[PDB]
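Next up: a single chain in structure tokens, the form deposited in one PDB entry.
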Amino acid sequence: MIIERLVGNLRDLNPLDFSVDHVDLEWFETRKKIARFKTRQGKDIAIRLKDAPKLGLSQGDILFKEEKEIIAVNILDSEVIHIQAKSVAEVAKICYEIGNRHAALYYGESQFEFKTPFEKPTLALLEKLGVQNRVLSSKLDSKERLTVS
């Protein structure tokens, strides 16, 4: 059957207690509403999301929950530009320019840290502005994403 709605998250736990099967998504698939996926254990699922999270599906988001059986979202690591701004003025410039490119942008671990998917234009852009950055493999969790309205 069609999955229309989330059933909480592994964090609003769930001390498991549960047999947890995952749908492993790329960051760029987290804002899908109508899709067909296969879980890590080989089950088919189909979503037609209603009132989907604006940010996208996040790590641990529960799509299916029946007795001890859970299917939850796993977001796969990807190549990420980790940005370190040096001032508020630079945060402003960085976010303005990335917003202008319509590139995804995520909050980092602190006030002046941001994450954006690796693509050569964004990397070129950030060097062109002399902005401190580092490319690492890591997780872009939807819950840290900056919304566009």
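Each form is matched to the other, and the largest set of C-alpha atoms that superpose within 1.5 Å is called the rigid core. In this text, residue numbers run from 1 along the sequence as written.
Keep in mind that the form deposited in another entry is not shown, yet the notes after this line are about it.
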* **Is_shifted residue 40 between the shown form and the other one (CA, 2 Å cut-off, rigid core)** => no
* Asked: Does residue 133 count as moved between the shown form and the other one, where moved means a C-alpha shift of 2 angstroms or more after fitting the rigid core?
  -> no
* Indicate whether residue 9 shows a C-alpha shift of 2 Å or more between the shown form and the other one, with the rigid core used for the fit. => no
